[PDB]
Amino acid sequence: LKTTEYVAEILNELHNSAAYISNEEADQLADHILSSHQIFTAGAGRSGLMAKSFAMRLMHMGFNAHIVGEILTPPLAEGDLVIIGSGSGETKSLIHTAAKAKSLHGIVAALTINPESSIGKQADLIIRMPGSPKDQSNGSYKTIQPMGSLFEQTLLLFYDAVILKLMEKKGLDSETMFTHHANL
């Protein structure tokens, strides 16, 4: 295949995966971002990178956004949000993050294939992601890509869409858009 055909193939995969996400949980996420005084994102590897890109945009929008596990991460307080992207829902690091977060009476929101997983079970809000063996045998999910790729891409677009819904709720657009980005 041509590289551009692979791009288009990828975008085909992302269609079946996207829409399939439930609005009620998603749109609830945006309200939590609006209330909580602090917001933390989290993920491992490539999912970690996507979490970072979301926190970057949130900061640009002027939320007190943070990334779990960086050098200058502040302590979570009661009420703060924690957003966790994890396919498996099993990554031991992020289990600990959710558990520790709930103990401090933070709110945990998990984005995962497996709502029943160790991370899902802890979450106050689950945004269920496609990729289940049931989804695959269904025809509701399929992929040509090495493991993680489609789920990681779904995180990005999903995160960026949450950005759009926050702009809307705050009455802004990609033209007005004043972003708080680094200077030096």
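We number the residues from 1 along the sequence you see.
On average the C-alpha atoms of 100-108 have higher B-factors than those of the other stretch, with 67-75 and 100-108 being the two compared.
Two stretches are in play, 158-166 and 20-28, and the higher mean C-alpha B-factor belongs to 20-28. The residue among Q153, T41, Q136, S117 whose C-alpha carries the highest B-factor in the deposited model is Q136. When the modelled residues of the chain are ordered by C-alpha B-factor, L58 sits in the lowest third. In the deposited entry, the Cα temperature factor of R128 places it in the middle third of its chain's modelled residues.
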